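Participant: Here you go, one structure.
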Amino acid sequence: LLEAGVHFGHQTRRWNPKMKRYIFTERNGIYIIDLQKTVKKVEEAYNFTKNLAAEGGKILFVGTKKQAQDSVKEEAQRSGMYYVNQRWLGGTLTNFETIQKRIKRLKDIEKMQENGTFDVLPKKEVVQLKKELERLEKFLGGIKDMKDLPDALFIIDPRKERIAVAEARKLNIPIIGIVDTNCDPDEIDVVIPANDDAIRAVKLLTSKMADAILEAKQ
Amino acid sequence: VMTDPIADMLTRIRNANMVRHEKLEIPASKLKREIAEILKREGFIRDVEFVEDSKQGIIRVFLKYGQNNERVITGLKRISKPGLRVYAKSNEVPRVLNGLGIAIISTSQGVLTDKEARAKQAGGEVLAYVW
Amino acid sequence: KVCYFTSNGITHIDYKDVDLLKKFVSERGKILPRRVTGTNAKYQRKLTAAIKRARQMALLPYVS
Amino acid sequence: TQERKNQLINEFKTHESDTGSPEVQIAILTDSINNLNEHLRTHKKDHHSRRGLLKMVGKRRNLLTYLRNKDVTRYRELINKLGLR
Amino acid sequence: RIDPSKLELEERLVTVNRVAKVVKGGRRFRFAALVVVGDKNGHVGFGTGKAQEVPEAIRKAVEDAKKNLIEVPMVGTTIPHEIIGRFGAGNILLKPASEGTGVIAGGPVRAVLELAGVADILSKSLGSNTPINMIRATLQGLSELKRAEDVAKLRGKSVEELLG
Amino acid sequence: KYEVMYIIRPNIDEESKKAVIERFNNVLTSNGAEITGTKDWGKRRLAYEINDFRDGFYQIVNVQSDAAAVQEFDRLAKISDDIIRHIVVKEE
RNA sequence: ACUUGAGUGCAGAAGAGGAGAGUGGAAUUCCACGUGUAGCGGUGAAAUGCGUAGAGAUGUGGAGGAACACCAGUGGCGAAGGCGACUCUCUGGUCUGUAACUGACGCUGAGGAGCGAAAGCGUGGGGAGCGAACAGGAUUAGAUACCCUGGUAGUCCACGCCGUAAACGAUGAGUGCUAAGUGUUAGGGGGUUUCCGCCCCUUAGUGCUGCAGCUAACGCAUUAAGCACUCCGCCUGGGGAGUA
RNA sequence: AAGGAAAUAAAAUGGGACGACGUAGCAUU
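Same order as they appear, the protein sequences are chains b, h, r, o, e and f. Just add 8 to wherever you are in the first sequence, counting from 1, and you've got the entry's author numbering. Just add 1 to wherever you are in the second sequence, counting from 1, and you've got the entry's author numbering. Just add 13 to wherever you are in the third sequence, counting from 1, and you've got the entry's author numbering. Just add 3 to wherever you are in the fourth sequence, counting from 1, and you've got the entry's author numbering. Just add 2 to wherever you are in the fifth sequence, counting from 1, and you've got the entry's author numbering. Just add 2 to wherever you are in the sixth sequence, counting from 1, and you've got the entry's author numbering.
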């Protein structure tokens with residue numbers, strides 16, 4: 009049964025041999041994704057997500073792809089959870105202390121602009137402070153209130169996010185996400201074989217995962 | 002050619018273990034049948050099947066993995082080679098990893114392992130080890 | 014490009030004929046490369062052999 | 004060619020389908036080696052033909068050894084027919 | 003699964019080799035301190051540290067080792083079976099012995115085994131004598147060790163069925 | 003089988019050309035060969051001058067022999083001045 | 001006792017594979033002749049050299065010796081060295097579908113035997129061009145060299161001899177197993193199409209990128225330096241010395 | 001006009017040499 013999802017871009021022969029057990033074939037050198045397997049894996053995905061949420065999950069939604077930035081941002085905002093749509097900075101976890109210092113500086117400077125003396129100098133402010141505010145809101149907006157490391161990690165393209173995947177594996181933090189035909193399946197803890205370049209597919213998947221997250225509060 | 006069947010079988014099993022495969026095809030042979038049955042009854046193999054064909058017959062083995070990712074079989078090594086034969090007496094039967102592993106031996110009363118050999122105080126061709 | 018021979022399925026170039034060989038030879042009389050005519054390696058080799066055979070019998074101009 | 008081979012096969016045939024028995028192959032090898040030698044009596048500089056002849060002779064000797072180890076009477080009869088000594 | 007660094011470790015250093023880095027203005031010196039940190043009960047860790055001062059490098063190496071430890075099955079204060087570490091041309095053999103032989107090993111190997119909570123071991127280096135490679139080989143051999151209960155579980159067998 | 007194609011010099015009268023052609027055809031058949039067919043292109047413009055003539059009379063002959071008659075034809079063509087050029091190709 | 005390794009048979013494929021004979025037009029040199037004149041050639045610069053005897057250049061013809069432009073492509077063959085004009089006689093090996101044939105007849109291989117780049121040597125030719133030695137001219141403080149102008153042996157041929165190369169993939173031979181992506185040569189089969197053609201699979205050969213694995217690193221990676229078996233050869237610090 | 005297989009034009013002649021010997025710290029607070 010093909011659910012509302014349209015996640016079968018099937019990603020022609022730029023593929024990975026380690027994903028042979030989740031693919032059909034078509035006469036275009038392209039491997040029709042096995043929708044049946046995804047319908048089953050998504051069940052354990054929802055289960056693990058709800059369990060971790062009931063346990064206090066702080067899932068980080070990460071995707072450095074134009075097709076996913078706005079989607080993940082909207083999903084995290086409507087769900088009130090964390091996310092990272094812009095560049096994935098190096099050492100979010102390994103160097104969590106430096107990121108914490110940077111975001112504390114961001115908090116100080118963003119509380120100063122309306123509570124502190126926002127008119128110290130006529131040019132210094134406009135010259136540096138507001139530009140730095142914009143840059144830091146861009147590079148840290150979705151994680152501006154982390155306050156602690158999460159229990160698990162969510163991604164959308166490990167092939168593009170190899171750095172985050174590697175550091176999470178180093179910190180042995182469970183990572184979830186969608187694996188593309190060219191991605192590494194074994195490296196993920198909770199794998200979902202499906203297409204990712206489609207905005208509709210990623211939107212639906214993120215929405216369902218955020219719903220599963222929110223349902224744990226009940 | 003190939004100079005022997007046993008080393009070929011053992012190294013093919015080792016390669017399958019390294020790549021983490023789930024099946025294997027081997028030209029069936031009586032000695033290979035006995036060795037596979039021994040490995041099976043010992044717990045290294047989850048199950049084994051045999052195929053009697055017109056050419057050589059095929060013995061198919063299924064590698065065992067009892068957890069998320071853990072090779073029940075870590076390494077293989079042959080001892081008696083076609084050119085350097087190794088024979089051990091009942092008093093010199095070699096233990097493997099203080100008895101943690103197991104070794105295969107060909108005797109007159111049948112193919113026996115280290116434990117069965119010690120039980121029967123047998124000895125003969127020490128062909129390979131299993132870890 | 015496509016091979017003339019395969020497109021026509023013709024074989025046994027029959028060197029004595031020159032109507033076909035005229036096209037594959039340049040104005041100065043030099044043989045054309047395979048990358049230009051898009052011909053196949055086997056057919057290219059056979060055609061060059063026939064072209065040399067014809068040249069040897071004053072059927073094609075060594076120079077012009 | 005293709006005619007002497009037929010005659011040799013018929014002469015050294017054990018059955019209607021016999022076309023790979025050691026005797027037939029040995030006779031063919033002997034005929035070919037004799038022809039190649041006759042050729043070599045003029046083209047002394049063709050060493051590749053000499054290498055081919057050496058390979059043919061090695062094959063013939065291995066086949067003769069196999070026949071002798073399998074059947075002695077057949078080996079002797081083949082030598083007598085071919086006079087290969 | 004990494005274990006936490008909250009343990010009563012000994013942080014015994016091994017050695018400190020002086021390092022040099024060339025620059026237009028001559029040479030530039032650095033102190034590379036390699037330290038082994040561990041507890042006397044199955045917990046041990048190797049670490050390295052580089053700095054312009056000896057104690058700073060020592061602290062860096064201590065922290066690094068604390069950030070990566072490993073367990074070891076001290077079966078009766080001895081290894082359950084013999085194994086060989088072959089990490090980067092470093093060949094170090096390890097054998098179990100009686101309960102009175104003691105720690106017979108080289109300097110770095112001896113320190114590692116002492117901070118590992120092992121009493122009686124037989125060892126011998128059959129390769130490079132470099133402390134770092136020797137320590138890496140020892141740690142590799144320790145990680146490759148096997149326990150009777152885990153093998154029994156994997157083999158669908160009992161411990162007494164295995165060794166009895 | 004072999005294809006024997008040669009060029010007769012143009013400065014030869016019709017009857018003399020016929021006599022030369024008959025002679026060279028007998029040379030082949032006289033050695034046990036058999037001709038299967040012939041073809042004549044008449045006077046054609048040569049790509050280049052051989053000795054002095056710009057044109058020549060191309061004569062074609064298809065022969066099946068035991069590599070003997072063709073050798074005699076080759077040996078005799080090099081001597082006769084009637085033939086300017088000639089070649090031999092195995093029809094296979 | 002058996003066909004899977006091996007070899008034979010059938011029907012097909014390619015190739016600078018080799019030996020022998022013959023043939024071909026460009027191009028250099030020389031010679032003869034016709035036209036014709038202050039030079040030609042050459043270097044960073046110049047010089048040496050040939051030239052008013054008629055050069056160089058141009059046109060026709062003739063002579064002779066070497067190599068085969070375009071094709072030409074990590075393309076092909078060969079055990080290796082190595083092999084590029086074309087026709088013919090002889091001859092070797094490789095590959096593709098077998099099932100018809102024998103049913104283990106197989107791998108390696110001390111010694112031995114043979115082949116073996118170029119150079120060199122003996123015998124006799126041949127000698128156009130190139131060119132060790134050598135001659136002359138620039139050069140520098142010097143130039144027995146780099147540069148230029150000439151030039152013997154040699155480079156070619158038939159027989160014989162020596163048997164050396166970075167004779168390199170600096171990686172011995174045979175067998176079996178160990179993710180993929182992308183060109184190419186020779187082939188075969190099929191899913192529609194008689195085709196042209198697209199796709200999939202299946203052998204061998206030749207390249208590129210890459211997982212595990214290996215490696216001190218470089219890097220190798222189904223053509224291994226991976227996982228193993230069999231055989232032979234080779235090393236035990238450098239110089240001395242491949243010398244006595 | 002992008003990292004490039006057998007493969008590469010254009011492109012000062014002229015710069016020959018620098019005796020001997022050897023100069024460095026380093027951790028518990």
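Yeah, the Cβ is synthetic: ideal placement off N, Cα and C, and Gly gets one too.
So who's on the other strand from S127/e, going by DSSP bridges?
Facilitator: Translated into positions along the fifth sequence, residue 127/e becomes position 125. Its beta-bridge partners are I94/e.
Participant: With DSSP collapsed to three states, give me the class of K26/e.
Facilitator: Sequence index remark: in the fifth sequence, residue 26/e carries index 24 (1-based). Residue state, collapsed to three classes: coil.
Participant: Shorter than 8 Å from the beta carbon of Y4/f to some beta carbon of chain r?
Facilitator: Along the sixth sequence, read from residue 1 onward, the residue named residue 4/f stands at position 2. No, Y4/f does not count as interfacial toward chain r.
Participant: If you run the structure through DSSP and keep just helix, strand and coil, what is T50/e?
Facilitator: In the fifth sequence, residue 50/e corresponds to position 48, counting from 1. Of the three classes helix, strand and coil, the one that applies to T50/e here is strand, per DSSP.
Participant: Figure out for me which residue from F37/r, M70/r and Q69/r has the closest Cα to the Cα of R58/r.
Facilitator: To locate residue 58/r, count along the third sequence from 1; it is residue 45. Of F37/r, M70/r and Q69/r, the residue nearest in Cα terms is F37/r.
Participant: Return the Cβ separation of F55/f and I86/f in integer angstroms, given the expectation that the two are a contact with Cβ distance under 8 Å.
Facilitator: To locate residue 55/f, count along the sixth sequence from 1; it is residue 53. To locate residue 86/f, count along the sixth sequence from 1; it is residue 84. Here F55/f really is in contact with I86/f; their C-beta atoms are around 7 Å apart, less than 8 Å.
Participant: Assign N70/h to one of two classes, buried (16 or more other C-beta atoms within 10 Å of its C-beta) or exposed (fewer than that).
Facilitator: For the purposes of this step, residue 70/h is taken as the residue at position 69 of the second sequence. Looking at its Cβ environment, which holds fewer than 16 other Cβ atoms inside 10 Å, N70/h is exposed.
Participant: Tell whether a beta-carbon distance below 8 Å holds between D42/f and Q66/f.
Facilitator: To locate residue 42/f, count along the sixth sequence from 1; it is residue 40. To locate residue 66/f, count along the sixth sequence from 1; it is residue 64. Cβ atoms of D42/f and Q66/f: not closer than 8 Å.
Participant: Give, in chain order, every residue of the region 96-123 of chain h whose Cβ lies closer than 7 Å to some Cβ of chain e.
Facilitator: Listed by position along the chain: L98, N99, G100 and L101.
Participant: Nearest-angstrom Cα distance between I4/e and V49/h?
Facilitator: In the fifth sequence, residue 4/e corresponds to position 2, counting from 1. In the second sequence, residue 49/h corresponds to position 48, counting from 1. A straight line joining the alpha-carbon of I4/e with that of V49/h spans about 37 Å.
Participant: Could you have a look at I80/h and say whether DSSP puts it in helix, strand or coil?
Facilitator: Position 79 of the second sequence, counting from 1, holds the residue named residue 80/h. In the structure shown, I80/h sits in coil (DSSP, three-state: anything other than H, G, I, E or B).
Participant: Rank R157/e, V77/e, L165/e and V105/e by C-alpha distance to the C-alpha of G67/h and give the top, closest one.
Facilitator: Within the second sequence, numbered from 1, the residue matching residue 67/h stands at position 66. Per the Cα distances, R157/e.
Participant: Report the residue from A118/e, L11/e, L128/e and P133/e whose alpha carbon sits nearest the alpha carbon of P75/e.
Facilitator: In the fifth sequence, residue 75/e corresponds to position 73, counting from 1. It is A118/e.
Participant: Does DSSP classify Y56/r as helix, strand or coil?
Facilitator: Your numbering for residue 56/r matches position 43 in the third sequence. Look at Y56/r here: in three-state DSSP terms it is helix.
Participant: If we count the other Cβ atoms within 10 Å of its Cβ and call it buried at 16 or more, is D68/f buried or exposed?
Facilitator: Translated into the one-based positions of the sixth sequence, residue 68/f becomes position 66. Burial call: exposed.
Participant: From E126/h, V62/h and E53/h, pick the residue whose C-alpha is nearest to that of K90/h; which is it?
Facilitator: Counting from one through the second sequence, the residue named residue 90/h turns up at place 89. Taking only the C-alpha atoms, the option nearest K90/h is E126/h.
Participant: Am I right that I105/h and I14/h are in contact with their C-beta atoms under 8 Å? What's the rounded C-beta distance?
Facilitator: On the second sequence, position 104 is the one that residue 105/h refers to. On the second sequence, position 13 is the one that residue 14/h refers to. Contact doesn't hold; Cβ gap of about 13 Å is too wide.
Participant: Between the region 52-71 of chain e and the region 92-107 of chain e, can you find at least three pairs of beta-carbon atoms closer than 8 Å?
Facilitator: No: the two stretches stay apart, fewer than three of their Cβ pairs being nearer than 8 Å.
Participant: To the nearest angstrom, report how far apart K121/h and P95/h are at their CA atoms.
Facilitator: For the purposes of this step, residue 121/h is taken as the residue at position 120 of the second sequence. For the purposes of this step, residue 95/h is taken as the residue at position 94 of the second sequence. Approximately 15 Å between the Cα atoms of the pair.
Participant: Quick check: the region 10-21 of chain b against the region 185-197 of chain b, are there 3 or more CB pairs under 8 Å?
Facilitator: yes
Participant: DSSP three-state call for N19/e: helix, strand or coil?
Facilitator: Here residue 19/e corresponds to residue number 17 of the fifth sequence, with the count starting at 1. Strand, per DSSP.
Participant: Roughly how many angstroms separate the alpha carbons of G44/f and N27/f, rounded to a whole number?
Facilitator: Locating residue 44/f in the sixth sequence gives position 42, where the first residue counts as 1. Locating residue 27/f in the sixth sequence gives position 25, where the first residue counts as 1. Cα to Cα, the separation comes out at about 17 Å.
Participant: Thinking C-alpha only, which one of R29/b, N59/b, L148/b and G37/b is nearest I221/b?
Facilitator: Mapped onto the first sequence, residue 221/b falls at position 213. It is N59/b.
Participant: For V153/e, go through chain h and note every residue whose CB falls closer than 7 Å to its CB, in chain order.
Facilitator: As a first step, residue 153/e must be located in the fifth sequence, where it is residue number 151. What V153/e touches in chain h: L101.
Participant: Under 8 Å Cβ-Cβ, which residues of chain r neighbour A49/f?
Facilitator: Within the sixth sequence, residue 49/f is the residue found at index 47, counting from 1. By Cβ distance, chain r contributes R68, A71, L72, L73, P74 and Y75.
Participant: Please go through the same chain and pick out, in chain order, the residues whose beta-carbon is closer than 7 Å to the beta-carbon of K73/b, but skip the five residues on each side of it.
Facilitator: Here residue 73/b refers to the residue found at position 65 when the first sequence is read from its first residue. Same-chain partners within the cutoff: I164, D165 and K168.
Participant: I23/f touches chain r at which residues, Cβ-Cβ below 9 Å?
Facilitator: The residue given as residue 23/f occupies position 21 in the sixth sequence. Correct list: empty, because the minimum Cβ distance to chain r is about 18 Å.
Participant: Looking at the strands, I want to know which residues DSSP matches up with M7/f.
Facilitator: As a working mapping, residue 7/f is identified with position 5 in the sixth sequence. DSSP, once it has assigned bridges, lists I62/f and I89/f as partnering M7/f.
Participant: Considering Cα atoms alone, identify which of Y39/b, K45/b and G71/b is closest to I184/b.
Facilitator: Here residue 184/b is taken as the residue at index 176 of the first sequence, counted from 1. Of the candidates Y39/b, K45/b and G71/b, the one whose C-alpha sits nearest the C-alpha of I184/b is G71/b.
Participant: Excluding the five sequence neighbours on either side, which residues of its own chain have a C-beta within less than 6 Å of the C-beta of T52/r, listed in chain order?
Facilitator: The residue labelled residue 52/r in the question sits at position 39 within the third sequence. Around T52/r: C16.
Participant: Just to make sure I have the definition right: I need the residues of chain r whose C-beta is within less than 7 Å of the C-beta of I52/f. Which are they?
Facilitator: To locate residue 52/f, count along the sixth sequence from 1; it is residue 50. Within chain r, the residues near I52/f are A71.
Participant: What three-state label does DSSP hand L70/o in the structure shown?
Facilitator: Along the fourth sequence, one-based indexing puts residue 70/o at 67. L70/o falls in the helix class under three-state DSSP.
Participant: For the region 44-56 of chain h, which residues have a beta carbon sitting closer than 8 Å to at least one beta carbon of chain e?
Facilitator: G44 and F45
Participant: Check each candidate in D204/b, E140/b, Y54/b and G150/b and name the one with the smallest Cα separation from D219/b.
Facilitator: Along the first sequence, one-based indexing puts residue 219/b at 211. Taking only the C-alpha atoms, the option nearest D219/b is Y54/b.
Participant: Assuming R44/o is part of the alpha helix (DSSP H), what are its boundary residues?
Facilitator: Mapped onto the fourth sequence, residue 44/o falls at position 41. It is not in any alpha helix (DSSP H) - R44/o carries neither H nor E in the DSSP assignment.
Participant: If we define contact as Cβ-Cβ less than 8 Å, is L96/e a contact residue for chain h?
Facilitator: Counting from one through the fifth sequence, the residue named residue 96/e turns up at place 94. When Cβ-Cβ separations below 8 Å define contact, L96/e makes no contact with chain h.
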